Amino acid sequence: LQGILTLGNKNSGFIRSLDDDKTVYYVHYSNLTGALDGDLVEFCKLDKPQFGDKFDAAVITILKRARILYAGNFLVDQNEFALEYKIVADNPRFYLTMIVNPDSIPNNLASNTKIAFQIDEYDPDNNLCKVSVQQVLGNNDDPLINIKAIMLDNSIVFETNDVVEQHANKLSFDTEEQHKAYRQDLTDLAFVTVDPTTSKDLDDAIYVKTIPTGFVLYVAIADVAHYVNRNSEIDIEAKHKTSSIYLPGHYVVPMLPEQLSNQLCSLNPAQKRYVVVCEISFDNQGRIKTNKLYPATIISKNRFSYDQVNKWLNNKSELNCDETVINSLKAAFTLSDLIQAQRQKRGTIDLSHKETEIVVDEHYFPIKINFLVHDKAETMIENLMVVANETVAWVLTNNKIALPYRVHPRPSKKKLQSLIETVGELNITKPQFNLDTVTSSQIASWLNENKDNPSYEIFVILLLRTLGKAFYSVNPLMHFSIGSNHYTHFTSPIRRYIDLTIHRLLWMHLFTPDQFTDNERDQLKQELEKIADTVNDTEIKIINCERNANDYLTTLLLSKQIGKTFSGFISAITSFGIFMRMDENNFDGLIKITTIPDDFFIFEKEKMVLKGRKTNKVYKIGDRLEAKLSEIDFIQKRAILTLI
């Protein structure tokens, strides 16, 4: 009766009901009744029986639009002494015909200008709507303007909020805060930051000490919850954003304003800074012995890039820093290798695979695609952050404090079975573990014994699909790929709202509980599941925004390479053709089913293969192919390939 509409191929789609069973109904284009992708609708089941799989439905009314603003290109032409206005929506799932309100059009608005429009009225029987221009965004051919339009279409805020920046500018460094009894003075320790050269997120610093029995690790995290009070204007805006946004060209939309992100909560060299420390003692095998969490004061001694540290590692350079910093870094790498070995022993799934980035010029035009490489300095830093994240999750759990976990459930038996059959056709071994009971360690061993297989890349790709997305939950579910029964996000509160919330929980329950009421603690506890829901919903939008931006920029790059031949492998098979992942750029192009030579090919859904009816030739996931880039579909932002 009520559900969320999702539009797909050919702008038919399906409705996911709001009931407990979350039942799915198919809806054909002709039965949408003016509804758009993501809208909440009232729907009825069709009096037709069942073709198969699921029931069919029709939309009755729209209960709530997914969006109020839509991006599009504005066109103006004069025909017969009369101006004619047209909008071409950016989103190919926006299928309605638009009548542009002329009183919304500035006299100076030229053709090929990106705009945002709203729907003023619509006619569900004719798929016609009246729209008004609400924002003029800029030249429609400018790639940065298209990236900003994509954010708007995904409901992602990117304009600076001056009110919030003004509130943030009132905050300052209180010199007396370091003399509070609850705040440990750590200003003598040789903390350092290690980050990408371009990053302005400097909210974590590390120091590692050797003791005779092993190591002491200090992970110092900028004390953002100390600066951002719950339900302040800054907090509300951060909670709306949920996260910083990262797009190509190192374009960042920060979750928090500048006076926090670049000053008071930026652990800049030689500045006193207030932090929350996770201090963990290890034995000489990398096993955790003890831990403490506490507010502190530090002075970072150095700001390093991954590049500087890696070059120092392979003796291709040297670091101009104190000897205390050198020894901390050496112990950090030693400790990190030990921690890595212990986590592999207990069970953890290394899902590393090929990853790329798009290089753009100063005008945001894409230049080339780079493959990212394994880096020993990132691996060390990430290893230490993971152990802090897991430790904080256990400390909060041990103290019976409700929190948002970062969870990643074990995948179902049926999904594993499907995976095993697909990859078996590629000479990936048959695993011996029980599919009901499979542990993180057992998946790791399975991956390890196939590391030399030529199809290891599609193996990891398919495994990642099988595992699906991690998410946040207040219920204590495992994190199957990290390998822990309890895990959360604690080390990045400058750019993730969950980490900010975790910090608030520490303060209100462990650090200074006497300064808060039980109603404050219970008010936050009661809101945790809605915070998790909003962050989860917005994470889907952010991932979609990244996918949109990557498809836009990569097809823009590929539009200058028509006729080029690419080698690659089949990454997916659908009823409308073959997706081939190109070796040279890691991007999926579409080979349309109808145009495949030498036979008539039929989609077989159970194995997800195309089979030729006359020759029995099979296309399957993992197959190696060569294909010619024949066109760019700019409507759907797809690269179309033809087999050669």
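In case it trips you up, residue 1 is the first one in the sequence shown, and so on.
Checked against the record, the higher mean CA B factor of 248-256 and 341-349 lies with 341-349. Of the two segments, 537-545 and 170-178, the one listed with the higher mean B-factor is 170-178 (C-alpha atoms only). Highest C-alpha temperature factor among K241, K354, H479, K86 per the entry: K354. Per the deposited record, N79 carries the highest C-alpha B-factor of all listed residues (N79, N154, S492, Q134). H28: CA B factor in the lowest third of modelled residues in this chain (values from the PDB entry). Among all modelled residues in its chain, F51 ranks in the highest third by Cα B-factor. In the PDB entry, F579 places in the lowest third of its chain by CA B-factor. In the PDB entry, a CA B factor belonging to the highest third of its chain's modelled residues is recorded for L313. Sorting the modelled residues of the chain by their CA temperature factor places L18 in the highest third.
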